[PDB]
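Note sheet for the following structure.
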Amino acid sequence: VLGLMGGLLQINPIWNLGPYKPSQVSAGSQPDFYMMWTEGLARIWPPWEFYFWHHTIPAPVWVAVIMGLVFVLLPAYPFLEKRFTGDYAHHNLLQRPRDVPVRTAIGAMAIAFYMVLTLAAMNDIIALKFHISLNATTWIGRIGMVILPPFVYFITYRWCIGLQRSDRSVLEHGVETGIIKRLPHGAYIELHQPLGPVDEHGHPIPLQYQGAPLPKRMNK
Amino acid sequence: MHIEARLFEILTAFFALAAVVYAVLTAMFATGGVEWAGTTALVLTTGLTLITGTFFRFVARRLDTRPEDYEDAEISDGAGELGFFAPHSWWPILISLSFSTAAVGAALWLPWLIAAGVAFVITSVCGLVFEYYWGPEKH
Amino acid sequence: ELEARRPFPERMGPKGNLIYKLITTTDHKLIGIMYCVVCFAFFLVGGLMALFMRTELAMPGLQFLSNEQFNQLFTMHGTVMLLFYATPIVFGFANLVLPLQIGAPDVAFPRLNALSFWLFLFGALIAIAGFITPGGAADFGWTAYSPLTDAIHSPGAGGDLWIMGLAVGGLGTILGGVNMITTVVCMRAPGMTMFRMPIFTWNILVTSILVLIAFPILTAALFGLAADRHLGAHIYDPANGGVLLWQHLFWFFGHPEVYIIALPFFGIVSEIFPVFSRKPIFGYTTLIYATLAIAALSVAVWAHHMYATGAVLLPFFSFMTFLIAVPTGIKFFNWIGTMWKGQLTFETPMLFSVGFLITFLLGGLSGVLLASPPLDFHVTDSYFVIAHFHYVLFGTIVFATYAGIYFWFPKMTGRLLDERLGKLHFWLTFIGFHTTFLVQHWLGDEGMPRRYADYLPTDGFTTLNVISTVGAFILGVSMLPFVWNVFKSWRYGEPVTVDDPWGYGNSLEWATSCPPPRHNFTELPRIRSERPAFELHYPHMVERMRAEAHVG
Amino acid sequence: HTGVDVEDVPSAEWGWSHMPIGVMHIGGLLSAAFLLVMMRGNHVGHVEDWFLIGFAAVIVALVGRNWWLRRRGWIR
Amino acid sequence: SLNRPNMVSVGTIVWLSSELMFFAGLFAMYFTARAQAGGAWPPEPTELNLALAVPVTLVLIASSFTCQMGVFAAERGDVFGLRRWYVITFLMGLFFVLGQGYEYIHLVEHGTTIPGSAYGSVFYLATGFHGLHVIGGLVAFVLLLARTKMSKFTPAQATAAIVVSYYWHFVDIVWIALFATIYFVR
Amino acid sequence: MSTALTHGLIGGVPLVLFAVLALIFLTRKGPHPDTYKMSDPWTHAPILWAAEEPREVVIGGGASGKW
Amino acid sequence: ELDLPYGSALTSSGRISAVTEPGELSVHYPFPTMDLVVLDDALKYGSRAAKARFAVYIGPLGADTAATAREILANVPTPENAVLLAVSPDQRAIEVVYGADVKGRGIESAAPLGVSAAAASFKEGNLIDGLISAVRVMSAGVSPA
Ligand code: HEA
Ligand code: HEA
Ligand SMILES: [Cu+2]
């Protein structure tokens, strides 16, 4: 795959550019996609400086401390989670992301924040190709940086619990087959299919959840 | 089915009449002759209703009475097993997202977005068609 | 024997009960609810645009708007209100109560249903998202006349989004129509023939046929227009017959559209009247034939919108519109006959239906007045036309939709909407509407054409605009009681523990539990007429229904 | 775990499933304050502060509704 | 119960009628702007090579019979005949659309373009949409063959085969109409 | 026409009309039965309300009191 | 072969299909809605924290009151694991009944407390209010098992 896409797609054509000279510049000045969040954070951070006696604290200091805070909060997460939840046992079996709603919501919020910061770095390209104002994109990023993470958190929490309920329903009843009958006194039933034993009158006895995925389609 | 075919035959008769009348009334009495834009729409709406009515007519002639078409009937007649009605599926929203991507890529003239949208539409439609036919995994 | 119950049904439901069921659903009831909610959101957006228009149109002079912004406002108002609120609300009511009325467990193709809904939503969102463009949304009319929507004139990036959003929405509508026709034809109860099904179902079938006839030609025209805008395709140049070609195509699409959004609401009111009149529907087969006649005639009158171009055969279209005026008259007379000598009780659905009757009569009178060429030679492209189609549109969609909501809210929820709030809502709506649109006849008879952003004080008609904007603000305030009533009555509100909360019901939907189960039915009754639930709940009435069914 | 009930979250003993509500309330208040202060250094325009104040008011209204409804026993 | 008149058949029929209305719109576009250009209404730089328009029409007509043989073999429960006939149909439909592309190239080479003329516009826009419909039909063929490969043959597969078959018949006859209008009437 | 009075009417007529209509309609009696007051006898049918919470005749105890 | 009072009809199943005239309700409870809701979340959340159905009865007990109360308790879905509270506002009598399965969980140390709270709240003329108080205290008393 790497050979194919290194032969067929072009990356960094330095000859179209020129040698570096401190007097000339161009319009697309982005770094590779793993520093775009740093660039976007520098773009959408407001101009807050402090001037006191004989000194000056400029704006990019903010970018510096935020970057450092991210790089410090990444390696220290397991200890934070074990301090907050209070669970210190050995674990060798993994969790499905739908069984831990709070951590999944935290992760989705962080990913949304990262995506906002990365898209705020291609302001020029977005505003040029898609006809949007430039100041509009700056303010969109500046406000999204605050209102998108919590919205994503809320939706992800509710979505995880919905998935849990969908699992419990197929545990209680059987797998829906999609076949309909008419039951001579004009009633419509849907012909479930049990996953275990059955009682005297044909209804399956409910199973217990065991942390493993359950089938939902009859053809699987 | 006998009444649906009759409905479509009525509609086709009226549409053909109107098309011919409009054509021959604009051949004369008009500024530039035949109008050529309403005439076409009228003949081809006639053809639409004609196709549908003819299909219904053949299916009716090739069929025995049905509890729906039949009066005099009781609910014990239709007692049986209906077809297969799909329960929950999430592919429609992905199909719509792909088609919307292609459409917005056609609005603003962006060929790469159109290509991506077409690829996504092919992928989503393939997923929808194969959903209840994939077998168990082979390991 | 005692039997255990609850002090009050549950208000909301568990956490995580809806969001995932919303994405993977395939049952028609949830999809109908989604239809209704999003269509009302779009209604609010369009109404806000209309209020901006009114508050500018009062007080001569450009106080806070511009010419470009005014043009964009009326364009987007017309587009939203006609294509993103009415055409989908039709399928909302269809998905709600058609399978219940024919006695079926589901629609024919259950995934095509969700596909249609999502296509509608995303096409609407695409078309609306032209306001975030620095140039603005589309600025031509709602109708997009022939050379004004070219590439030279109207060069912005809002027209492209307009065209593509309309294309996507049209695809969704075509799929919905296919599904509805197939469902009404194939899936049906084992006892009811096609001359026993309710009138709402017949209107929906006919409307679906019209949709299949109308929308593909609009998609063809729009693809031609996009080709002309992005490739310079010489399709609509005035050098060829390009100016009248577009008008012919567009109006051949656009008149069947208004009849599409008109017929099912005729069905709704014809279905509400007998329940509150305590009588059968007057002239069943007559109403069916009138519907078929309107359907057949609606496609051969498209050119009564092009009188002032001097390029059409006037007697043909004038005579045939005069002809289409008749079946609506027989329909009206059948409604009045169904109300004749009954036992009337005016709850909110009946009240809204009577309002519909009055308003639609006035609008249709003005329309048949408009149908003669020598009079359209003066009143066309003026505010007389605006008053006319606002009467018909409002009286049909708004009033019949509120009637349908107040009628079928229990059958889909299990609660009852408040009645004092309903009466307040109705009276506010009625007064505000008749005070905002009545003076526009006079306002347009004397010279004041449509689509003007400004006028001079030396001209007349500066008080009539003030009266109209006062009425528009009354209409705008009239929406708070409705949304408050729906917000409160969905969770609280008197529960319904019986079938048929409006006694003397029909149509086989009032014979199943008030919130219907999944697959809609636990048992069916024996079907012998078009009022099966009435004969089920009152078995001592069939002898009297068969004996005196022909006096008249 | 700290505790929620299984009828609310079915998988409550398989993973972290509860976050205190004061965190969310005060976080919403802090985000509203951030949006409000973000209009310091007014750079020749007021189309933006309308949006800022609108979003801040909506956030404060949501937080206030939730707090008031929980205080009166209408939620749990 | 199962109410023998099939459901997929009714759906496909009504949708095919709607698509016919779409092509009606395109035809109405073409006929106007032909009553305007007087005399030699195909301008001089265009000459329709008939020596290549006939072979592709005949291969499409033969593909119709191939598809019909396929559905015949389908209605009785054997899949390999279906597969063979549908592979043949796919091959010759691909050949048809390749020939059409070759004509487009040789026509734009020394003559008509979309922005160059009005006849060029109506011609390209009337034939390219039909080409797109043909390509959609090919994709449908591929998907149907894969679905027959991946599980057991039941009546549902037969219904899918039938509906795809007569969709293809529709596209074939509408091409017959387009060709007879463009090349012979002029 | 006297911009002040134009704005005044546009802002005042709708809300005034809302007020009169609300005082006319929202002050009536609803269909809800009026509350039962224990000074008077009890005529309603017997009432039994369960809890429904845990999904799926020997007495263990008892108590009493008469106000 | 019953009366089916003017609108009810027995279907092909055992289900009854009743109707109502356009201008009435189908509950007729002589209490406000905003107290029914409070009694309901009391009855639900107190039954969650105790693993025992809580019931409430208000009709008459025109016999040996404890006899009739234990006659009524056989109508709860799982009577053996259930707690009933009976009240007769005419005879002014309070009765609390248990089940055999719910015992040894701190019940009789809580039944007289609930009875006393219900009486002390009834002595002013608060029916639903005293019912709520009694259900609260008894549910807080009983332990899950
Ligand atoms: C939803 C609905 C809707 C409906 C139902 C109608 C109904 C009718 N419309 Fe209307 N119309 C529009 C929406 C609608 N219209 C719109 C949106 C426009 C223009 C939009 C645009 O240009 O931008 C428009 C424009 C429009 C025009 C052209 C305006 C122009 O000059 O630009 C004309 C006339 O040609 C017309 C005629 C009619 C007629 C004859 C009917 C008839 O259907 C109505 C007949 C009705 C009756 C109620 C009769 C009542 C019957 C009896 C009581 C018997 C009475 C008998 C006698 C008097 C003979 N309409
Ligand atoms: C189905 C349709 C429909 C509906 C309902 C309406 C509704 C209204 N219309 Fe519209 N109208 C058209 C269809 C419709 N219209 C069409 C087709 C045209 C001409 C098209 C064109 O020329 O191109 C038109 C044109 C048109 C004009 C003239 C434009 C021009 O100059 O030519 C005017 C005003 O005079 C007008 C007014 C109104 C008013 C006052 C309402 C009132 O009914 C609406 C009252 C509504 C509300 C106020 C909503 C309430 C809003 C709030 C509560 C704000 C809340 C906000 C948020 C929560 C977001 N309409
Ligand atoms: Cu006109």
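Ordering of the structure tokens sets the chain letters (A, B, ...); residue numbers start at 1 within each chain; ligands are numbered from 1 in the order shown.
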Environment of ligand 1 within 8 Å, counting only C-alpha atoms and all ligand atoms, reported as number ranges by chain: C: 142-143, 255, 258-259, 261-262, 303-307, 318, 321-322, 324-330, 332-333, 360-365, 367-372, 376, 379-381, 385-386, 388-390, 392-393, 396-397
Test item, strand (DSSP E) assignment across region 9-119 of chain B, answer as a ChimeraX atom specification: /B:81-84
Same residues, C-alpha atoms, saved as a compact mmCIF listing (two decimals), in the first residue's frame:
# COMPACT_ATOMS: atom_id res chain seq x y z
CA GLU B 81 -47.80 -16.28 6.78
CA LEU B 82 -47.01 -12.93 5.19
CA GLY B 83 -43.70 -11.96 3.60
CA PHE B 84 -40.48 -10.72 5.17
Shell around residue 3 (chain B) at 12 Å using only C-alpha atoms, local window under 6 positions removed, as a PyMOL selection string: (chain B and resi 9-10+53+56-57+60+68-70) or (chain C and resi 185+193-195)
Near-residue 49 (chain B) list (8 Å; only C-alpha atoms; drop same-chain fewer than 3 positions) as a compact mmCIF listing (two decimals) with C-alpha atoms, in the first residue's frame:
# COMPACT_ATOMS: atom_id res chain seq x y z
CA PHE B 8 -55.51 3.35 -14.82
CA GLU B 9 -57.43 2.69 -18.05
CA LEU B 11 -56.75 7.90 -16.69
CA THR B 12 -54.94 6.73 -19.83
CA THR B 45 -47.85 10.83 -19.21
CA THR B 46 -50.30 8.86 -21.35
CA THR B 52 -49.03 0.72 -15.37
CA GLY B 53 -52.55 -0.17 -16.50
CA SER E 17 -43.01 4.85 -15.16
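The part of chain E that reaches within 6 Å of chain B is made up of residues 1, 2, 17, 24 and 28 of chain E, counting only C-alpha atoms.
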So that I have them on file, write out the residues from the current selection with N, CA, C and O atoms, as an mmCIF file, in the first residue's frame.
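Output (again.cif):
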data_model
loop_
_atom_site.group_PDB
_atom_site.id
_atom_site.type_symbol
_atom_site.label_atom_id
_atom_site.label_comp_id
_atom_site.auth_asym_id
_atom_site.auth_seq_id
_atom_site.Cartn_x
_atom_site.Cartn_y
_atom_site.Cartn_z
ATOM 1 N N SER E 1 -53.090 -14.660 2.204
ATOM 2 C CA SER E 1 -51.940 -14.320 3.034
ATOM 3 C C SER E 1 -50.852 -13.635 2.218
ATOM 4 O O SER E 1 -50.684 -12.418 2.279
ATOM 5 N N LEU E 2 -50.117 -14.430 1.445
ATOM 6 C CA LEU E 2 -48.996 -13.919 0.670
ATOM 7 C C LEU E 2 -49.439 -13.169 -0.583
ATOM 8 O O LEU E 2 -48.580 -12.619 -1.278
ATOM 9 N N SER E 17 -42.154 3.826 -14.573
ATOM 10 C CA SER E 17 -43.008 4.855 -15.162
ATOM 11 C C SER E 17 -42.506 6.260 -14.825
ATOM 12 O O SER E 17 -42.440 7.146 -15.699
ATOM 13 N N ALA E 24 -39.155 12.009 -20.643
ATOM 14 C CA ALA E 24 -40.074 12.918 -21.323
ATOM 15 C C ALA E 24 -39.578 14.352 -21.244
ATOM 16 O O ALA E 24 -39.598 15.090 -22.237
ATOM 17 N N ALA E 28 -38.566 16.730 -24.462
ATOM 18 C CA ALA E 28 -39.148 18.049 -24.687
ATOM 19 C C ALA E 28 -38.066 19.107 -24.813
ATOM 20 O O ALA E 28 -38.202 20.052 -25.598
#
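Atom pair CA of residue 411 (chain C) / CA of residue 97 (chain C) has a distance of 9.3 Å (rounded to one decimal).
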Residue list for chain G near chain C as a VMD selection string, 7 Å, only C-alpha atoms: chain G and resid 7 to 9 12 to 13 17 to 22 26 36 to 37 40 75 to 76
Quick one: write out the picked residues with C-alpha atoms as a CSV table (one decimal), in the first residue's frame?
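Full text of selection31.csv as output:
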chain,number,residue,atom,x,y,z
G,7,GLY,CA,-70.0,1.4,24.0
G,8,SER,CA,-68.0,-1.6,25.2
G,9,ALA,CA,-67.9,-4.7,23.0
G,12,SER,CA,-62.5,-11.8,19.0
G,13,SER,CA,-60.0,-12.0,21.8
G,17,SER,CA,-63.2,-2.1,23.4
G,18,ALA,CA,-64.7,0.9,25.3
G,19,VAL,CA,-65.5,4.4,24.0
G,20,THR,CA,-66.1,7.8,25.5
G,21,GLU,CA,-68.2,10.8,24.5
G,22,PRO,CA,-66.2,13.7,23.1
G,26,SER,CA,-61.7,8.1,31.4
G,36,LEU,CA,-51.0,11.9,41.7
G,37,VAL,CA,-47.6,12.3,40.1
G,40,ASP,CA,-46.5,7.8,41.9
G,75,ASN,CA,-55.0,-8.8,44.0
G,76,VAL,CA,-51.4,-7.5,43.9
Contact set, chain A to chain B: 9 Å, only C-alpha atoms, as a PyMOL selection string: chain A and resi 129-131+176-186+217-220
Alpha helix (DSSP H) per DSSP on the backbone: members of region 45-260 of chain C, as a VMD selection string: chain C and resid 45 to 57 67 to 83 86 to 102 110 to 128 158 to 185 199 to 231 242 to 260
Test item: chain G residues at most 6 Å from chain F, counting only C-alpha atoms, as a ChimeraX atom specification: /G:30-31,43-44,53-59,74,80,92-100,119,125
Distance query residue 62 (chain G) at most 12 Å, only C-alpha atoms, self and fewer than 5 positions along chain excluded, as a ChimeraX atom specification: /G:67-69,87-93
Export of prior selection with N, CA and C atoms as a CSV table (one decimal), in the first residue's frame:
chain,number,residue,atom,x,y,z
G,67,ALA,N,-59.4,-8.8,58.2
G,67,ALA,CA,-59.8,-9.9,57.3
G,67,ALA,C,-60.0,-9.3,55.9
G,68,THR,N,-60.7,-8.2,55.7
G,68,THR,CA,-61.0,-7.7,54.4
G,68,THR,C,-59.7,-7.2,53.8
G,69,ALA,N,-58.8,-6.6,54.6
G,69,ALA,CA,-57.5,-6.2,54.0
G,69,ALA,C,-56.7,-7.3,53.5
G,87,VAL,N,-57.1,2.1,53.5
G,87,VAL,CA,-57.7,3.2,54.2
G,87,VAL,C,-59.1,3.3,53.9
G,88,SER,N,-60.0,3.5,54.9
G,88,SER,CA,-61.4,3.6,54.7
G,88,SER,C,-61.9,5.0,55.3
G,89,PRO,N,-62.0,6.0,54.5
G,89,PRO,CA,-62.3,7.4,55.0
G,89,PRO,C,-63.6,7.5,55.8
G,90,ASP,N,-64.6,6.6,55.5
G,90,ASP,CA,-65.8,6.6,56.3
G,90,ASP,C,-65.6,6.0,57.6
G,91,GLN,N,-65.1,4.8,57.7
G,91,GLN,CA,-64.9,4.1,58.9
G,91,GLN,C,-63.6,4.6,59.6
G,92,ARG,N,-62.8,5.5,58.9
G,92,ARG,CA,-61.7,6.2,59.5
G,92,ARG,C,-60.7,5.2,60.0
G,93,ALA,N,-60.5,4.1,59.3
G,93,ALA,CA,-59.7,2.9,59.7
G,93,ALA,C,-58.5,2.8,58.8
Å distance separating atom 57 (C, counted along the ligand's line) of ligand 2 from CA of residue 69 (chain C), one decimal place: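 Going from atom 57 (C, counted along the ligand's line) of ligand 2 over to CA of residue 69 (chain C) covers 18.8 Å.
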Near-residue 352 (chain C) list (7 Å; only C-alpha atoms; drop same-chain fewer than 6 positions) as a ChimeraX atom specification: /C:399-400,402-403,426
Neighbour list for residue 5 (chain F) as a ChimeraX atom specification, cut-off 12 Å, only C-alpha atoms, skip fewer than 6 positions in-chain: /C:59,463,466 /F:11-13
Those selected residues, please, written with N, CA and C atoms and delivered as a PDB file, in the first residue's frame.
ATOM      1  N   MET C  59     -44.201  51.320   6.697  1.00  0.00           N
ATOM      2  CA  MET C  59     -43.365  52.509   6.865  1.00  0.00           C
ATOM      3  C   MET C  59     -42.439  52.762   5.679  1.00  0.00           C
ATOM      4  N   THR C 463     -51.496  52.821   4.685  1.00  0.00           N
ATOM      5  CA  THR C 463     -52.214  52.367   5.868  1.00  0.00           C
ATOM      6  C   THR C 463     -52.540  50.883   5.770  1.00  0.00           C
ATOM      7  N   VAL C 466     -49.764  48.844   6.981  1.00  0.00           N
ATOM      8  CA  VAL C 466     -49.696  48.838   8.438  1.00  0.00           C
ATOM      9  C   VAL C 466     -50.704  47.852   9.016  1.00  0.00           C
TER      10      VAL C 466
ATOM     11  N   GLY F  11     -46.703  47.008  18.140  1.00  0.00           N
ATOM     12  CA  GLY F  11     -46.241  46.352  19.346  1.00  0.00           C
ATOM     13  C   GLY F  11     -47.303  46.126  20.401  1.00  0.00           C
ATOM     14  N   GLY F  12     -48.416  46.852  20.321  1.00  0.00           N
ATOM     15  CA  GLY F  12     -49.395  46.803  21.386  1.00  0.00           C
ATOM     16  C   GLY F  12     -50.675  46.048  21.098  1.00  0.00           C
ATOM     17  N   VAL F  13     -51.169  46.103  19.858  1.00  0.00           N
ATOM     18  CA  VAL F  13     -52.427  45.421  19.538  1.00  0.00           C
ATOM     19  C   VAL F  13     -52.347  43.914  19.756  1.00  0.00           C
TER      20      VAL F  13
END
Chain D contacts on chain G, only C-alpha atoms, 10 Å, as a PyMOL selection string: chain G and resi 37-38+41-42+45+48-49
Expected answer as a PyMOL selection string: chain E residues within 12 Å of chain C, only C-alpha atoms: chain E and resi 1-38+112-126+128-129
Distance in Å - CA of residue 62 (chain E) versus CA of residue 47 (chain E):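 Computed distance, CA of residue 62 (chain E) to CA of residue 47 (chain E), equals 26.8 Å.
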